[PDB]
Each structure stands twice: as structure tokens, then as C-alpha cells.
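In: Quick one, structure for this:
(chains A, B and C, ligands or ions: 3)
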Amino acid sequence: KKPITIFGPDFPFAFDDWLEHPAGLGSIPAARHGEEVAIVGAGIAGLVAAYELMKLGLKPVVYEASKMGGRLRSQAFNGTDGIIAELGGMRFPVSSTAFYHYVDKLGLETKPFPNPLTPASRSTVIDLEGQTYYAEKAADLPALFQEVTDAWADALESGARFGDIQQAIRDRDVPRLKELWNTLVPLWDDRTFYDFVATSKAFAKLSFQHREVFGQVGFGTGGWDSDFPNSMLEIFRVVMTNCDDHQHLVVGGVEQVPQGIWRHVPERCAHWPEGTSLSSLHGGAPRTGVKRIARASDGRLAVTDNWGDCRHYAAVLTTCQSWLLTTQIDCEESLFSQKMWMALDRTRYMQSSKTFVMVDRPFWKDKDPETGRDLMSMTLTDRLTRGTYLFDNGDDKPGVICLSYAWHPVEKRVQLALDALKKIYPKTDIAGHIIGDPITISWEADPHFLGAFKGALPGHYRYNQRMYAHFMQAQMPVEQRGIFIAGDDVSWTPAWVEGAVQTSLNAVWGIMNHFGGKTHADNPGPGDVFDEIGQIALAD
Amino acid sequence: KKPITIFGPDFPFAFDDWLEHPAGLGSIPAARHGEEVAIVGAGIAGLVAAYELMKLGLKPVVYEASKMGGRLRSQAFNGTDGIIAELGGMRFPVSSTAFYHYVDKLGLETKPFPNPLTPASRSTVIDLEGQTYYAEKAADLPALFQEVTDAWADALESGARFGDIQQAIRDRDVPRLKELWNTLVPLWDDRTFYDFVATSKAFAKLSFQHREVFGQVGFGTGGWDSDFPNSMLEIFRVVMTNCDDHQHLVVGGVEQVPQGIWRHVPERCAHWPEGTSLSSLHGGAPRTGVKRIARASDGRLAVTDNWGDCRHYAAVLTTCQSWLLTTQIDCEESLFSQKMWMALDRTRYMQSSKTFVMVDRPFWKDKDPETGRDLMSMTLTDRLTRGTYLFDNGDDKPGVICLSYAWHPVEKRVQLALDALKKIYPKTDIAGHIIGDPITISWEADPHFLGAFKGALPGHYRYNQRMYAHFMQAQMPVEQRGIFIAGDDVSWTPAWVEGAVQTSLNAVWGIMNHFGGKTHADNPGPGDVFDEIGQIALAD
Amino acid sequence: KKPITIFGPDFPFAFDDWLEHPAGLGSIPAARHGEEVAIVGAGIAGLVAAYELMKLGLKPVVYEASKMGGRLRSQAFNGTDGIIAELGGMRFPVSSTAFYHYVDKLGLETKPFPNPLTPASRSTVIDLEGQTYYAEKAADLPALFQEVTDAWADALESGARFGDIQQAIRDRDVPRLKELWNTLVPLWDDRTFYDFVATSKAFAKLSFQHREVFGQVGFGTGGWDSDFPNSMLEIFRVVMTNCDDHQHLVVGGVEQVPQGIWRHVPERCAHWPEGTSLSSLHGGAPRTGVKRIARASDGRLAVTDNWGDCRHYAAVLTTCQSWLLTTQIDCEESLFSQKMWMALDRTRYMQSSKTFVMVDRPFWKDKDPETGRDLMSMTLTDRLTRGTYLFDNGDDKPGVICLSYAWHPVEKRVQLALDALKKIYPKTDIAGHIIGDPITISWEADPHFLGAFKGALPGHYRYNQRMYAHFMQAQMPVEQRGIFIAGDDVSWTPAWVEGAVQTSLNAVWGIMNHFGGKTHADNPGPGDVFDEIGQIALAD
Ligand SMILES: Cc1cc2nc3c(=O)[nH]c(=O)nc-3n(C[C@H](O)[C@H](O)[C@H](O)COP(=O)(O)OP(=O)(O)OC[C@H]3O[C@@H](n4cnc5c(N)ncnc54)[C@H](O)[C@@H]3O)c2cc1C
Ligand SMILES: Cc1cc2nc3c(=O)[nH]c(=O)nc-3n(C[C@H](O)[C@H](O)[C@H](O)COP(=O)(O)OP(=O)(O)OC[C@H]3O[C@@H](n4cnc5c(N)ncnc54)[C@H](O)[C@@H]3O)c2cc1C
Ligand SMILES: Cc1cc2nc3c(=O)[nH]c(=O)nc-3n(C[C@H](O)[C@H](O)[C@H](O)COP(=O)(O)OP(=O)(O)OC[C@H]3O[C@@H](n4cnc5c(N)ncnc54)[C@H](O)[C@@H]3O)c2cc1C
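Out: Residues are numbered from 1 along each chain as shown, chains lettered A, B, ... in the order given. Ligands and ions are numbered 1, 2, ... in the order given. Sharing the structure here:
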């Protein structure tokens, strides 16, 4: 079978084909080469856009208020050479084909993520209501977990035509894909993942306890409870495009992606001398934080940094979490329509915490001979810690444990997790193996950021659709043209890096178009097919 | 008309009748008079329980980790006599008849709260997507508001038999109320208020805008969007018992209720000398914060305070937000069943902010000669402030403005609200009337609180039901008897003080029962009718 | 002997006589009655000035950014009626005759403070280097303490003519006082209290251990180590005017002083209707925080509050800690001479912490029969706590303990003190007696404040002298006249409330003078004698 990819459903454009075609993304009239475009944010969406716009012969000017890379952030443990904790995104589904274009272009290595019940994990432990279940494969788990898995598979088949949608994604059958998906949009926009579960016949036939299990740990590979309040459409998108499985980690830390894009010399650029990179063009560093964006009296856009320095541009792309545009960035009211402002004000963000320790070796691989069990496993629980992941860097290098994912000082956070993990594994001495420093993150603190990523709110498809289409500007008044937005808040998969890359590439098409440029006839880009296969607009 | 009171629907017991009966609440055998019972928390739930158990001849020992009153908290502005800002609860629906029992006992005065479109408010302004609507009566508003109003009424009437339930409430007809309510519980437990509105016929045939207005400002009396994620059963309870209307403020500040209960000499009391109050029994102050609760080897409960002092009690009642029992307070595992632990672990809390200024006089009552509009009104908006309240203390006295009630230093909070109000009232100089200090509160920022109050989660009716029933301990193993819980998270109306009072009175019943007491035959209490009319248990 | 008072040495003006004389402080021409004078700060210096200027027929307009009373701040423990912890100043030497004028005028009660080795304290314990010394009177202490006391008495006699200065203060012999003091000013301005100790023959003849004792606990009544880095002149002033002994507490909390001044009706006011008070004149509350002071184009002074409200005044008195004028308050550069700005920029502040608990009764009064010792005493130590004070509110009301004075959360601060006090008193159970809530303060946090009070820096007499004389404005250019400063940073006794009151009364004379007013011939005020007996100016 042809692979599942993040191909629609909302906009089934082949971003991958577009990036891979030998013709390139398009061209800008040479009279405009060298002109500047401001890009606010040096996370993956800002840098992908800057890189491709550099290749088209413009001079991107990246601004960054905090650290290069944004929410792709990898921290080395003290003393070590490349043993990292992932502070932002860490598990990248292979269906993320536009993201992996850049990973592959940089020649970075990836490996399978140690998810429960996969080849990359030896064993799993589920701890619920004080009972522990050990499993080396899914069939080791008690029947109740398979019942949960069947009820979920049946709910998605009955409720959303999961099988048909996946096949149309595999085949890239756009007409069929849009027919299946567009039926679901007005049905499920207004309804939570809570409501999908509670009105599905398959979950209704199971005991309450089964629905609880499903929220805490799913069928044994990860719970759903943090997603229950969100729009069911968001959950459909996730599961239909395999975001939630077949995931890889980037060896040496995914921060190498935006750091490598910064430094990478394209083989072929319009206008620039051979050897040019984003880094070259900038004299080595992005500009500082943006505090104001305004329309200048010459009709160009005015961008003022934190220190009062104000520079003019024909186009500005903002990739900070989009709610900062309403408060933090003083962005001139005439720059967005009233309805765009309303969509921008309404975004809400989910919060997350992860704490990592380093260990001297992957001791979890040892066997307890009184039981046959690994000393420790990928752990899913209803307790504090929720999920614990084990990273085997090889038998004779340090391991890393993500002691706690979930949705006090570092020292207290780690002690609380080790106490909970002692309840679950009363015979294993985890503490004894820990070395170096603990690394903790909460995205909340710092800001600059509002949360790990947005939670798609029921009833907000209309706002999402207006923001997603913002790059299509032929019909907008001249006072609203020339500013562009991208990043994972803009995208249909807000928790997943491929959303940030796809919306970024839509913005690249938009900006190219803005400068009088166009795609090559044999390699059309997002704005060439958007009106025909773009996301449906709902009435009112 | 017989009034609507907070009489069920889940537990339709007349707590008001039980308090007002001249027989009193019951009695405990003389041999047990003077024995101590620990009460953790000196909010309204802890003090009402302490008060009534003192009357029955016990020696309550109240512990308080922060301030007396809990979330009933009233702060005076600098240098004034009796001019207050209400930091916790401020508007108390007169359906709250058990709370008002204590307000009245203490001879406190109340007045109508200045809610929009009521006689206590002269005018309202609604400000939505950049447009302003002035109204001195509901009919001044454009037709969109009356359509939302009719839709909500039709939705409740159609989907929940609201008219019939309210009539059963007014009549105190228990069999009819339970028949109407019990049918709703399994239908709506696991659906959100989002889902209820979206799927209702009456909103489903109106434009998107109508639902959006409903979320932001309702039909002109306050928006509902902060309750959208909650179980629809919670919202039924609130509207069916009139929690959201006919509200009064306590003159001089609602904190006088718990401070007064503390000092009040009861009109009858077993065991204690004439003139005894909670305050005299305690020698003036509650004990400090509790750190640990455990079962001692003599079979009693051991309560260890923050400074390590340990004391034994035959019963302990806890009234802090009940999730603290899982974390801040080290509460011995064997004290709750596994199922009670699971209910306790699951509660989640809503967050709140309010900022108040004092003004020199009630200037908003001045007319603008031009437009005929008040200078300022009760203001509902989609802007940051969300709601602004105006408190008239008489023409010759300072006024108070609640500048923002929504769901940062104080100076930046006030400045940002004044900037939003300038956008709405570009001709009114609010700033020029402000005197004294700005008073703000965020409940989350204090560590003895997790939020303003819980939000009821879809699907948690089974947990709610088990925690509400925990005071009924005939069927429990010995090791789980003698500890009790009460407070607003325990109740069916978790954002309303009447829930804290009613759950506290169930606990009083349970504690009197624990000490071998009982109610008088002519005044039965909650535990005497619970098994028959208490809330329905759902099956697995 | 006639009593020691805070009478000079630097400006030996009888503030007390001036306040007490039946003529009053002076008068302003009636044509200026009712005109406004801005006063920034509602601590004791702002309110004393406002009160007296109201009496002269002006309309003071008090501004307050934080809480009325400033660093006189008394907090009731929860549940109690008037059992207070003192958060600011708590021990007021009776030599503070201008401060006590207001205490007496308000009819507040005072009582002796429980200082070590005084009639108000039963016993003292000194704990040093792990040895404990118990004493009910000074002679119980080992010889080493009397040796320290003699060496200090001899150092002050030899080095500073302590005896002669005290006699000239008792007699109020101004010529002699100024002759003795003015010799010391240039000698000791540049030298620390460190240096005075290390070059004195009396300390040189003692072992090192004796000098250490002196810094930690003095001769048994309080150590000096926190004062060692300061200008020796400041220490002279303190000891010569008995600031450091014969101290009283204000019953019910010293915050009653500025709160009572706010509400007090003078018997005799110029201009105002009978019954006028500061509170009346203000409609009940001071204005909010000041953010800007500027010179207006009409020549008057412009005062802008935090909310942008800007009002004009003929005169402004600022009493916030004076360093806020340089940063926080945007105060126009033309308002102060260059040399005044320099004096204002150079002030530095000392930091302090105090933690208080309430206890059920004054248990410390109980005797240990195995030893004859009180269970607990006023405790001086080199450990964390430094000093612990015991407040006996009567055998049958709660006691208060100041567990820790010295120069983490509250819970941790109290635990750390109880642990240290367990080392010292291994047999006493303090914890068991503690009730209510702990009250802690650090002045640092909040700001508004820079520290508890300024530390007089060696070599800064010239800056102190210019700021002290700032109220004398006949010789200043018209652009620098009309603004005035007062408060304890301005005063010669920065750690002591009488400094704030004296500089305030100098400002009252200044402002009166500014409005064309004068003192009565038979009751001359500070500015009438300042040029003749004011603080010496040093050359350069
Ligand atoms: C906890 C967590 C786990 C995740 N897990 C995964 C995962 O498993 N798989 C996956 O695919 N994805 C995951 N993601 C998502 C992926 O990390 C994001 O989708 C992606 O990194 C966001 O990229 P971006 O360019 O949209 O935004 P960002 O990375 O946020 O970049 C925006 C940049 O703008 C900067 N900025 C903000 N304000 C200003 C200003 N005023 N001026 C200048 N610059 C400014 C910010 O500092 C930031 O660097 C995860 C994210 C988080 C937080
Ligand atoms: C922002 C806000 C607005 C509100 N609006 C309204 C309204 O309009 N109408 C209405 O009817 N109700 C309103 N309420 C609700 C009402 O205020 C609360 O329901 C009621 O006050 C809760 O009382 P309680 O006794 O349950 O809990 P609390 O008042 O929280 O009392 C519990 C006490 O336990 C103490 N404590 C915590 N931990 C410990 C420990 N370890 N040891 C000892 N003590 C401890 C806490 O300090 C607290 O004082 C509002 C509440 C808030 C926060
Ligand atoms: C820890 C401690 C212990 C002490 N011990 C003693 C003692 O034992 N004996 C003794 O005699 N004295 C003692 N003192 C000193 C006495 O408390 C002070 O000398 C006196 O209270 C200071 O009075 P003030 O009016 O100069 O200043 P404050 O009391 O500081 O009043 C200044 C006011 O200005 C306000 N303000 C600041 N900025 C602004 C603005 N922008 N706009 C408007 N208002 C503003 C502040 O909020 C404050 O209320 C002690 C002080 C401290 C801190």
C-alpha cells in the first residue's frame, strides 16, 4: 500500500511533490531581486519561509525575540557530547513529508521513537487504579484493552468513514477525499471529542470503566483525556493522517533542523552569490524581537524592534504564536480585516510539562529473574507522571529518561516522579542510576509563548478557515495586503510540526505572488489550486 | 408564587426547613459532649459545620492555613470606612436559602446586585466586534438579542422540560422533580454545554453569529462561553434553581458572614456555658495549616499541623478544595476507598481574575446632555475586560467599579482595562474619578487554592455522586469511617456558595451520626432521607 | 535629671515645644486658604504634614501608591480581635517626643517593649558559639558581658564625649551642644562604625572574642554587626539621643497612628468648617500612586497619577523613600539642582525580615522546676533567628512571638526558626502552643519600597546636609522652589520614626513660608532659627 501522508484532508495539496520537483518553487521578476521581506520568528515556519524566499532571490530579514528554533529545542546534558533532552517537539510522524524534506536535505539521522508496544520499545507497563499490567506485546494485555481498541476503531469507521478516508489519502484521490471530508466538517465542527465518544454506539456498549481507560491510557499506547474538550475535527485530522503513530526522533536533537536551515547553502539560488546562506545574508544572527508592525505613509510596512529601530518592507510574515499579534506586538488595526482580528483573538493554548534525567546506562534492559520482566518499561499511568519514555543510546553510553510527560522547582518535579515510579516499580532503583542535571520545561513560562500549541475549539472551524486562507490576497483591499501569517496555530494540525511547515509554504507562495512572481507551469504551487481544492467555507 | 430555591434537583432536601425547625438539628448523647472534631478550613463550609457541631455539644477545632473566610473575602480600600471590594463570591442568588439563613441570623443587610438589565442597573452597554449598543431595557437592544434569548429558552424548554422542573421546584414535589431530573442525568452527563447548544433545534436553525453572541454576552445579561466545556448537567442545575439571577450583595462585604459565624453566640447550645462562640472555644483563632491526616494506632485520626504538632480526633472534616487531599495534604491511603481516591484525583478548576477601583462619586449616573446616554453603564464586551460593574453607595459616598471580571502587576491590569473602556466610552474620563488603591485578585496565584471553583467535567457524574454521598458511612469499612468532606467542589453547584453550605450540613449530619447522635423525630435531616431521594447511581 | 530627647545634635530644634505652644504653628494669608498642596505618600511623614497644613487652612491632597501608613503597618492575626503583629516599626523610644505628640493627641495607649534585660522582660537567653547563658538580670551574665559594656561606654566617652553631649541634650544647651557635635562631624563622617571600634583603646585591650560578642549580641541587649559598615556619625546620633533604649509599643498596633491622624478632627482649623478631617477633605481616601511630577507652563507643579490624571499645585511634598524620585517617579530634571540630584541618587537601603506567630497563652512565663529557668526567654543568638521577642497580652489571652528579627515561603521561615529555637531550648515545645496564621514581612519585595530604611554611608554627610536643608528655599532659583522632600531618608536618624516626623515638620514650615505665611512671634518654627543653629556645611 502507498503510505499515509499529511495530505489534506482540508487542503490536499502535495507539498512534498512541490518541494521535490526539479523546476523549483517558481520565480520572482529580477527587478525585485534583493528586496527585503521581514519574517517575525526564527522557529521552523519562519526559517523554512526565509530559506525558500532567499532561493527566489529576495532578502529575508528574520527577527527573533528569544531563542533560534522556537518550539524545536534540544538541550545537551552538562558534561556530555550530544546527549540531549528534547524540550519542544520530539516525535515526528513519518507521514510529515514536507518536514522530512528538510530533515533529509540536511542529511540528519532519525530513528524510531520508543513508543509503547512498538518494535522500538521492549516492554510497556500500564498502571491504573493501583493495578499494574506488564506487556511485551499488545496480546499480553488483558482483554479489556483490545475491547477498547475495537470500540475506537469501530467508532471512527462508523462515525467518520475512517477506512475510506485513509484509502483516498493513500491514493491521493482528491475528489473523493474532499467528498468524504466535507461531509464531516459541518457535522463535527461544533462537537467535542467528548461528544463523539458519548454518542458512539461502540463506546456505549462498553462499561464506564472502559471509557475511563480509553481517556487515561487509550488501548495501551497513550490516553486521550487531554484532547477530549477539543473539536472532534482536529482529532479526525490527527488520526486520519497517522500523526499519532510511526514516529521518529532526530538523532542529536531536532533543533539541528532550524539551526541547519539557518546555515545551509542551497545549490541553486536566484540572485545571490554562490555560498550564500540565511546566516551569510544576516551577518550571522537574526534581528532582535519585534514590538510594532504598522503601515508606513509610503504604503510599505513598518517594523519596529524592541530597541526602537524601525525598518520598511514590501511584505511581512509573522510566525509567532498568532495571539501575540493582538497583545505584545502592537500591530496596526488597518492591517487585518475585522473578521481576521476576530479569528486572531480567539485562539486558545494547551499547556504541557516534561522533565528529563540522564542515566549511566540503559539499565531498564536488565531482567528481573524472579518475574521475567524488564527492570523498567515505557510506563503509562493515571498517576502524576502519565507517561515515561526510555531512550537507549546504546549499551555503553548514557540513556535518557523522559520521567514525566503531562498536559515547583525542577528538583521537586523529579522527586515527585521518582516517588510515583517507586509505587509502580517498587523493586527497581532508578535514582541510583541518574547522573548529570535534570532538565525540565513548561512552555507557559516565557512569553513569547502562550502554551505548547493551540487546542482546536469546538465551533471554531470558521476562524481556522479564514486564517488558513489569509495568504490568498487577490481579493483583499490594498491596505490589508502584504502582511502574511504562518505557523502551527494557522495550520489544521496545531500540535504537529508538519502544520507549521505547510502553512509556511503557503505563505511562501503568497509572498512570491505579492512580488509579482509565479510558479512554473509544470510545478504549480498552493495558491494555483487553492480556490478549487482549498478548505470549504461554511455559511453565515 | 412559591419561590424557586436551590432544592435539588439531585438531592431535593429542604436544608432551609431543617435549619429553621424549632426542634434544632438533633442531639448527641451527653457522654460524648466536649469531644473534639477536627475541621480543616475556615471558609463557609468549615465554619457552618463547626458552628452546628458546637451547638450539639462537640468541641470543633478549626485549622486554617491562610485567611479566615476562604473565598468569601472582602478588602477595604485605603483609608476608607466600610468601602469594600469583593475578591471571592460577590453576588448571591436569593434561591440560596441555606446561605441566607446565616446572613439573616447575623442580621446583615443585603442589596440587589447591579446586574445588566435589572432594576438595580440603569443602563447596559454591549460592545461586540467593534460595535456598541446602549440599552436601558431589554427591548432597546437590536432583534438579534431577543432571538438568542428565545432560542435559549426554547432549547431548555424542549431539551430539558425546564418549565415543569421549575414548577416541581417551586412546589417542592420530590417524586415529580426526581422523575423529570433522573431522565436527564444519563442523557447529558457526558455531553458539554457546547454540544447541548449546538445540537439544539432552536440554535441550529439560527446563524453562526447567534451562537457566537450567546458565548460572548448571552442575550444581553452575560456570556456563557466560560461554561461551554462543562458537563451540561452542571448548567441545568444552575439555571433550574435560579443561581444566575435575582442576586444580592452583602452590604459591608460577604466576609462578614464567616467572620460573624466565628464570633456568634448561638440561640441554643448543648454542653457549653452560656455566651460560648467558636471564637471563645478556640481562645480566639483557628489552629494553623494541616500537613498530614493519618489513622493512629488507638483507631483515632491523627492531624499534624504545619509546625509538626500532632493531635488525635474521633472525626475529621476536610473543607479545602478537595484536590489538595491528593497533594498538599499528606492524607493516608487507607482513609479513602480506591474509588473515592479516583474521584478526588479527578477534579479540575476554573480560573478567575477581577480588578476593582474606587471612584470619588457615582459619576456614571450623569447624563450626557447630547446622546441622552449615561456616562457609563454595566458593560459587557468581547474585549479583555468582559464585564464591568458599577456599585452605587449613595450620591454622597465613594463608588466602586469592578473594571474587569474575566474567566501582570495590578497597575498594568487596571491600565489595560481603562484603555479598553476608552475604546468603548471614548468621551468619558473614568481615570479622573479614580481614588484610593487598585485591588486585584487571581485565585490561582495562592497555594491553598487551585482556582476560583471547579468546572464539572463531562462524564464525571459517577465521581460527583460518590463524593456527594461520602458522608453516608453505614456501609463503609471501619478504616474509612470518621473522615468527612464538604465544600463547593463536593456539591452539585460548584461555583455557588449554597453548595458549600449544603454539603457542610450533610457532613454535620454524618458527624452527629458518627458520634451516636440522631435527629429529632419531628425534624429529619439529610442522612435520614438520603437513601430514598438522594442522587441516582449510574450503572457500570 | 531632665529626660534625654531627640534634640539635635545636628539641628537642636524643640519640635515638641513648637507643636505644644498654645499659639499654633503659624498662619497663611487668608487669600490663599483652600488652595491645594500635593503630598506624595500617606506614611507618617505625609500625614503629619497634611494634618498640620490642613490646620493652616490649605487643602492637602494626599497620594498613596500602596497601603495607608507606609512602614507603620500592623496586621491582625486571623480570627482575633486586635491581636496584631507589627510589620514595620515596632519599638518607639520615648525620646521620640514629636512622634509621641501625635500618639498622645490620638489618646492611644503604649506599653514598655519586652527588650532584653529590662523590667518588661522576665529573662534573657544568649546563645553564642553553641553555649547558652541564661539571665534574669545583667549581673547573672558571665564577666565577659560587663567587660564589653565597659569597653563600649569607655569608647564613646573617650571618642565622642558622650557624657557631655548627653548633658547638653538634657539641658537643651544649644551653644554647647553644637560645639561638641560640630567637632565630631568632620572627624567621623568618613569613618565606619567598624573603624571606630578598631581604633578605640578600650576595644583594643579586649580579646578578639569580645569584639565578636559585641557585634553578635552587644553587652547582652542587642548586637551591632548590621550597623558596623555605616557612618559612625549615624551611630553617635542613635546612642546620644537614646533611640536604642526605653522603647514602647503601641497597644493595638502603631498603624493606628497614621490611620488616626487621617480621621482626626482638630479642635481649631483655619478656614475649614468645624468637623473637617483629612478624611472629610478627601471624600474618604487618598488619591492613587504618582507617576510624574513636572513644571507646568503656568509655573505651577504638575502631578500625574498612575492612571494619567494630571492636576496642578502651587507646592508638592514628596515623602516616598527618596530614591524613587530618580527612577519610578518621572520627576522633571529642572525641579532639583544638580547637587540635589546627586544627593538623591546616592541613598542606599538596608534590608530586614521579621516573622511572627501567635500562641495560645504566654507559656514562656512557666518555670522548669529541674532548673529554675523560664521555659523560654527573650533570645539573642548568633544563629539564623538573631533575636526573638515575646509579647505577653495577659495570662488569659493569646501571646505573640516575633520568632525572628534579622538584617523561602513563610512556612519554611517559621520551620527554620523553630528548628534553631529547638537547639537553644531542647526541652520546650513551642510548636505545640502556636495557633492562627504566621505573618512574615520582607520590606525589599513591594516597591514602592527599597528596604526597611537607609543605611548612612561613610562620607555622605554632605549629601545628607543638602537634603536636610532642602526645605529652606529663599536662596533657590524660582524653578527649584515649591517642591519639598521629607521622611526618614531625609532625616538624621534614618532607622527611627522621629526622623520622619521632624523632617515632615520642617517641610510644613517650608510650605507655609512658600504660601507667604509665617510663624507667630512667640512660637518660632524650624526655618526661623535654621540659619543660626542648623547643621554645619562642610567645605568643598
Ligand atoms: C511540548 C511540545 C511537544 C510537541 N510535540 C510534537 C511532536 O511530538 N511532534 C510534532 O510534530 N510536533 C510537536 N510539537 C510542535 C512543533 O514543535 C511546533 O508545531 C513547531 O515547532 C512550531 O513551529 P513555528 O515556527 O509555528 O513556531 P515557533 O517554533 O513558536 O516559532 C515562533 C518563534 O517566534 C518567536 N517570537 C515570538 N514573539 C516574537 C516577537 N515579538 N518578535 C520576534 N520573534 C518572536 C518565538 O520566540 C519563536 O522562536 C510539539 C510542541 C510542543 C511545545
Ligand atoms: C472568583 C469567585 C467568584 C465567586 N462568585 C460567587 C457568586 O457570585 N455567588 C456565589 O454564590 N458564590 C460565588 N463563589 C463561590 C463561593 O465563594 C465559594 O463556593 C465558597 O466560598 C466556598 O467555600 P468553602 O468553604 O467551600 O471553601 P473555601 O472558602 O476555599 O474554604 C476552604 C478553606 O480551606 C483552607 N485551607 C486550604 N488548605 C488547607 C490546609 N492544608 N489546612 C488548613 N486549611 C486549609 C483555605 O485557606 C480556605 O480558607 C465565587 C468564588 C470565587 C473564587
Ligand atoms: C522593619 C522596620 C523596623 C523599624 N523599626 C522601627 C523602630 O523600632 N522604631 C522606630 O522609631 N522606627 C522604626 N522604623 C521606622 C519607621 O517605620 C519609619 O521611619 C517611618 O515609618 C517612615 O515613615 P515615612 O512617612 O518617612 O515613610 P513611609 O512610611 O515609607 O511612607 C512613604 C509612603 O509613600 C508611598 N509611596 C511610595 N511611592 C509612591 C508613589 N509613586 N506615589 C504615591 N505614594 C508612594 C509608600 O507606599 C509609603 O506608604 C522601622 C522601619 C522598618 C521598615
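
In: List the contacts of residue A:316.
Out: Residue A:316 makes contacts with A:37-40, A:293, A:301, A:303, A:482-484, as judged by C-beta atoms under 8 Å, 6 or more residues apart in numbering or on different chains. To be clear about C-beta, it is placed using only N, CA and C from the backbone, and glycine gets the same treatment.

In: can I get those in JSON lines with neighbour count, secondary structure and distance to chain C?
Out: Putting the contacts of residue A:316 into JSON lines (neighbours: other C-beta atoms under 10 Å in any protein chain shown; DSSP: H, G, I helix; E, B strand; the rest coil; distance: C-beta to the nearest C-beta, whole Å) gives the following:
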{"residue": "A:37", "neighbour count": "26", "secondary structure": "strand", "distance to chain C": "38"}
{"residue": "A:38", "neighbour count": "23", "secondary structure": "strand", "distance to chain C": "33"}
{"residue": "A:39", "neighbour count": "34", "secondary structure": "strand", "distance to chain C": "36"}
{"residue": "A:40", "neighbour count": "28", "secondary structure": "strand", "distance to chain C": "30"}
{"residue": "A:293", "neighbour count": "21", "secondary structure": "strand", "distance to chain C": "25"}
{"residue": "A:301", "neighbour count": "21", "secondary structure": "strand", "distance to chain C": "30"}
{"residue": "A:303", "neighbour count": "26", "secondary structure": "strand", "distance to chain C": "28"}
{"residue": "A:482", "neighbour count": "23", "secondary structure": "coil", "distance to chain C": "34"}
{"residue": "A:483", "neighbour count": "26", "secondary structure": "strand", "distance to chain C": "31"}
{"residue": "A:484", "neighbour count": "26", "secondary structure": "strand", "distance to chain C": "36"}
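
In: Where does the stretch 51-200 of chain A get nearest to ligand 3, residue-wise?
Out: Closest residue of the stretch 51-200 of chain A to ligand 3, C-beta to the nearest ligand atom: residue A:65 (30.2 Å).

In: Just say helix, strand or coil for that residue.
Out: For residue A:65, the assignment made with DSSP: H, G, I helix; E, B strand; the rest coil gives coil.

In: rewinding a little: return the member of the contacts of residue A:316 nearest to ligand 1.
Out: Looking across the contacts of residue A:316 and measuring by C-beta to the nearest ligand atom, the closest to ligand 1 is residue A:40, at 4.9 Å.

In: so what's the closest one bridging to?
Out: In this entry, residue A:40 is beta-bridged to residue A:63, residue A:318, by DSSP bridges.

In: Chain B contacts on the stretch 301-450 of chain A?
Out: A:327, A:338, A:342, A:345, A:382 (C-beta under 8 Å from any C-beta of the partner chain).

In: Run through who's touching stretch A:280-290.
Out: Against stretch A:280-290 from outside (C-beta under 8 Å, 6+ apart): A:38, A:40, A:42, A:54, A:59-66, A:68, A:272, A:303-307, A:329.

In: Buried members of those residues into PyMOL, please.
Out: Selecting the buried subset of these in PyMOL, with 16 or more other C-beta atoms under 10 Å in any protein chain shown as the burial test, is done by:
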select buried, chain A and resi 38+40+42+54+59+60+61+62+63+64+65+66+68+272+303+304+305+329
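
In: where exactly do the strands run in the stretch 401-540 of chain A?
Out: A:434-442, A:453-454, A:483-485 (DSSP state E, counting those that start in this stretch).

In: Near the closest residue to the residue of the stretch 51-200 of chain A closest to ligand 3 other than its chain neighbours, how many residues? Count them for me, please.
Out: Excluding the flanking residues, the one nearest residue A:65 by C-beta to C-beta, 6 or more residues apart in numbering or on different chains is residue A:289, at 3.0 Å. Neighbour count of residue A:289, defined by other C-beta atoms under 10 Å in any protein chain shown: 18.

In: Give me the buried positions along stretch A:384-397.
Out: Quick answer for stretch A:384-397 (16+ other C-beta under 10 Å): A:384-393.

In: okay, those residues in TSV with secondary structure and distance to ligand 1 next?
Out: Conversion of these to TSV gives the following (DSSP: H, G, I helix; E, B strand; the rest coil; distance: C-beta to the nearest ligand atom, whole Å):
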residue	secondary structure	distance to ligand 1
A:384	coil	17
A:385	coil	16
A:386	strand	13
A:387	strand	12
A:388	strand	16
A:389	strand	11
A:390	strand	16
A:391	strand	14
A:392	coil	19
A:393	coil	19
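
In: closest to chain B among those?
Out: residue A:384 (8.9 Å; C-beta to the nearest C-beta).
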